[PDB]
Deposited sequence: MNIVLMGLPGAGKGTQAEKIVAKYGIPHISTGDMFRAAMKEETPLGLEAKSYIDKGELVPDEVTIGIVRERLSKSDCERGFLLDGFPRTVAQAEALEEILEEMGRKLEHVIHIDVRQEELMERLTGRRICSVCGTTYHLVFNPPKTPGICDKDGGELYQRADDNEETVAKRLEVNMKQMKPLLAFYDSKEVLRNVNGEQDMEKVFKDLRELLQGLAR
């Protein structure tokens, strides 16, 4: 059970991740969560990562690969690879491990829906979609920062999708649905 979740900021990676972990019971290696853990603990990694994360940019491939390579030593990779260079590195790591990627799952959502999804997010919950009975909000979910995140991720998305689409491991799922309907489709694949 070796799975990769990729998707644009706010597509529903982490949302589906929790459901995948609860259903199947596997490790969940989320670069985003790892950086947030590292940032909060003020480790050297966290410090140098913070500048890029707060800017909305991607942290360099070297350090991102470093952190993942060690941490892999079934699984659910979340937000990795999100560049080709990262994916190129993963292929070697996995061959070095003796475990191949069974499925790469792209959660497809539309750049318009993402702005609303990220701004309305409360941590997950959402103000209009998954509302709490009664009423924190992420630092990088600011309108201005979200725009930078979408810009930067879309650019790296195409080369990846094409990469994995050629490999014949890519599987698109319709992300623009109810949470459980999105998960059902994942179930079908998994």
What are the missing stretches of the deposited sequence, listed from start to end? 74-79, 130-135, 148-157, 213-217
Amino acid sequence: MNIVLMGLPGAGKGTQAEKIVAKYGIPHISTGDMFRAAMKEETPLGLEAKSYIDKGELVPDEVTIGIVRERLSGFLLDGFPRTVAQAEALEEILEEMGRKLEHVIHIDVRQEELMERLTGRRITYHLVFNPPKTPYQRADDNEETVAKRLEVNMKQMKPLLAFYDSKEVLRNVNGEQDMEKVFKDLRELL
From here on, numbers count along this sequence of modelled residues.
Averaging C-alpha B-factors over each stretch, which comes out higher, 136-144 or 48-56? 136-144
Higher mean Cα B-factor in the deposited model: 77-85 or 103-111? 103-111
Between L8, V4, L189, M1, which carries the biggest CA temperature factor in the record? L189
Say you rank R121, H28, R149, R36 by Cα B-factor from the PDB entry; which sits at the top? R121
Among the modelled residues of its chain, does the C-alpha B-factor of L90 lie in the lowest, middle or highest third? lowest
Hey, what third does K181 fall into on Cα B-factor, ranked over its chain? highest
Comparing against every modelled residue in the chain, figure out the third that the C-alpha B-factor of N130 lands in (lowest, middle or highest). highest
Among the modelled residues of this chain, does the Cα B factor of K23 put it in the lowest, middle or highest third? highest
